[PDB]
Amino acid sequence: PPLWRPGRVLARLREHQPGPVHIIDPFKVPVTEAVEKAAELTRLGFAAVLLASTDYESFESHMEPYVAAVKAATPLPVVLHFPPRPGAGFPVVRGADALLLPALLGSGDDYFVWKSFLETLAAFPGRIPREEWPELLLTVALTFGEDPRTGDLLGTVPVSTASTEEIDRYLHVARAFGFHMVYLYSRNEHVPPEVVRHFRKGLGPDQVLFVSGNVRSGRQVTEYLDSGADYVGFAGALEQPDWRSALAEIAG
Amino acid sequence: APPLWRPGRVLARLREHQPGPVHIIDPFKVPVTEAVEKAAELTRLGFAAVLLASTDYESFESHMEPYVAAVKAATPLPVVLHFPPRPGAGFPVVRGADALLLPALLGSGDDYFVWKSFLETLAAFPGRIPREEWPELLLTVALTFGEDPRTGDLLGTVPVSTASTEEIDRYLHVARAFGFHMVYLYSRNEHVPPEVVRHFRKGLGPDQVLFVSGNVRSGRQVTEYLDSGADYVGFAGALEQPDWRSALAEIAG
Ligand SMILES: CC(C)=CCC/C(C)=C/CC/C(C)=C\CO[C@H](COP(=O)(O)O)C(=O)O
Ligand SMILES: CC(C)=CCC/C(C)=C/CC/C(C)=C\CO[C@H](COP(=O)(O)O)C(=O)O
Ligand SMILES: [Mg+2]
Ligand SMILES: [Mg+2]
């Protein structure tokens, strides 16, 4: 089992062509809706299906069968992305293909910078057989713009874009530490395309670059891909009744 | 649950104890009877801990379990293990040790030695040892100074450049932001510069413990490093000779 070493999911993400990736928030989207959506993501040619949320409760009982339902609807890898909690580490269920592990390098709390990784691995393998564990995508996770919700929960401070001083320290770490991916997110604003370009230029060729937050149009997805993003994530745009139209436009 | 990666009794002792020299016993070179004699003297000198460390090791578990037990029966000081990790295994460990010092080699060109060894070690935990009996882990930034192809070939390290403070300032930002417990400045063939020790002491938080070692063979050197801000000054080789009692008295007196 690869665990923290590169595996099948990371290989797929590295080799697939860049594009949009829909993120289903499993604690807001009913499982029947997730299944309907998952069937469409496959036809569009997305690289993976992310299940992600800032908030979660009764994770294992909700997510094991949620992941199973989604996996019965799409052959794409199902990747989980959730924040860790002291005393538990990151949440995990059998059946997920991978867990995206965010090292929040901009956080003022060392547990969220990386000690959560130590707690998670200490607890491994736990209740899930070693051979059945998801792979781990080690990721540098950075936040942009005013965001007191993530700041209060995880201790993050928005990355300064007044100069490249802070981001260059994060690129040195991403490279020296051999992170698999970088995830640039903005809860309330937009990650600047020029920051995406700076990261693409500074990262190694096998490091995968995700950008998400308030992406709601195909124009935005194109602009981020043109700026160097490997994957452009979007959740909220499809959390409405007319999601099929929205999905077509964003993926068009 | 064992503290493991969280601060525990050993880190508290290192943070609160008076700064001073710390003798490092290489257990794969020093006979256990001699280690036991040495441990008794270290206790009399009031050192903060006894470190057992080596770059080289084989048959770790069968050798170290009884070695650690012998040393523990001879001193009440915490016994801390410090050895490099090996891919496929992570860091070596035996029951009975009070703590393992875990070096994150931030200057290595190999990400396994920069930090993934930590992930492998914790993934393997608890393994063959009962959770409640596991040693505490001291998360440490480990940096190397001076020409050192042995560590370079083994662990991927590149000597820290001191022609500017750019490289060490980057390590200090990591040490602080990642909440490392300790920083270990080592020179296999030269001497860590006292001015680098001062830069690290001024740049670290008050609870971060600063160790310096490598080629310390005199009390004058220990004093200079302590004056520069080191919390502990390690020395192994100076006592690897017959007249070690005189050498110890000069380094500690
Ligand atoms: C802070 C961080 C990067 C990681 C820590 C773990 C953490 C909080 C994981 C949850 C996923 C996340 C970063 C944001 C939630 O929604 C956005 C889609 O935004 P939109 O609805 O605007 O499309 C997404 O899933 O990307
Ligand atoms: C490179 C590094 C810092 C950590 C990786 C793990 C690693 C190689 C651990 C072994 C311990 C070590 C750093 C050096 C060996 O001897 C000196 C004392 O030298 P002296 O005989 O000159 O007194 C010591 O133990 O400190
Ligand atoms: Mg949510
Ligand atoms: Mg474990």
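Letters A, B, ... are given to chains in the order of the sequence lines, protein chains preceding strands, and every chain is numbered from 1. Ligands are counted one by one from 1 in listed order, and the atoms in each one are counted from 1 as well. Atoms considered below: every heavy atom in the structure, side chains included; atoms not considered: hydrogens, waters and symmetry mates.
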Which atoms of ligand 2 sit under 4.0 Å from any heavy atom of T144(B)?
1 (C)

Between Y56(A) and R85(A), is there a cation-pi geometry (under 6.0 Å to ring centre, at most 45° from the normal)?
yes

So, does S218(B) use its side chain to make a donor-acceptor pair with the main chain of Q221(B) at under 3.5 Å?
yes

Are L185(B) and ligand 2 in contact, using a heavy-atom cut-off of under 4.0 Å?
no

Show all protein N/O/S atoms under 2.8 Å from the Mg ion (ligand 3), or state that there are none.
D25(A) OD2, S53(A) OG, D55(A) OD1

Taking only heavy atoms of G237(B), which atoms of ligand 2 are found under 4.0 Å from at least one of them?
20 (P), 21 (O), 23 (O)

Taking side chain to side chain donor-acceptor pair (under 3.5 Å) as the test, write out the residues that go with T165(B), two or more places apart.
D169(B)

Of the backbone and side-chain N, O or S atoms of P125(A), does one lie nearer to the Mg ion (ligand 4) than 2.8 Å?
no

Strictly below 4.0 Å, N to O, side chains only: are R15(B) and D231(B) in salt-bridge contact?
no

Heavy-atom proximity to atom 8 (C) of ligand 2, best of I25(B), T55(B), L154(B)
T55(B)

Salt-bridge contact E224(B)-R220(B) (side-chain N to carboxylate O under 4.0 Å):
yes

Min N/O separation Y186(B) to ligand 2 under 3.5 Å
no

Under 4.0 Å between a side-chain nitrogen and a carboxylate oxygen: does that hold for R5(A) and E135(A)?
no

For a side-chain contact (heavy atoms from CB on, under 4.5 Å) check, start with the C-alpha distance between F112(A) and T156(A), then their side-chain angles and the critical distance, and finish with the verdict.
CA-CA 8 Å; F112(A) 292 106; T156(A) 49; over 6 Å; no

Any salt bridge linking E34(B) with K38(B)? Criterion: basic side-chain nitrogen under 4.0 Å from a carboxylate oxygen.
yes

Compute the ring centroids of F83(B) and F60(B), then answer whether they are less than 6.0 Å apart.
yes

Taking only non-hydrogen atoms of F235(B) and a 4.0 Å limit, the atoms of ligand 2 in range are 23 (O)

Do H172(A) side-chain atoms and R170(B) backbone N/O form a donor-acceptor pair below 3.5 Å?
no

When you compare ligand 2 with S213(B), is there at least one nitrogen or oxygen pair between them that comes in under 3.5 angstrom?
yes

For atom 6 (C) of ligand 2, which of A104(B), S108(B), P84(B) has the closest heavy atom?
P84(B)

So for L105(B) against ligand 2, with non-hydrogen atoms under 4.0 Å, the contacting part is side chain

From the options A236(B), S117(B), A238(B), select the one whose nearest heavy atom is closest to atom 23 (O) of ligand 2.
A236(B)

Does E195(B) come within less than 4.0 Å of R198(B), counting only side-chain N to carboxylate O?
yes

At less than 4.0 angstrom from any non-hydrogen atom of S54(B), what atoms of ligand 2 do you find?
10 (C)

Number the atoms of ligand 2 from 1 as they appear, then name those within less than 4.0 Å of a heavy atom of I24(B), with their elements.
24 (C), 25 (O), 26 (O)

Under 2.8 Å from the Mg ion (ligand 4), is there an N/O/S atom belonging to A123(B)?
yes

Kindly confirm whether the Mg ion (ligand 4) is within less than 2.8 Å of some N/O/S atom in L122(B)?
yes

Should the pair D55(A)-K28(A) be classified as a salt bridge under the 4.0 Å nitrogen-to-oxygen rule?
no

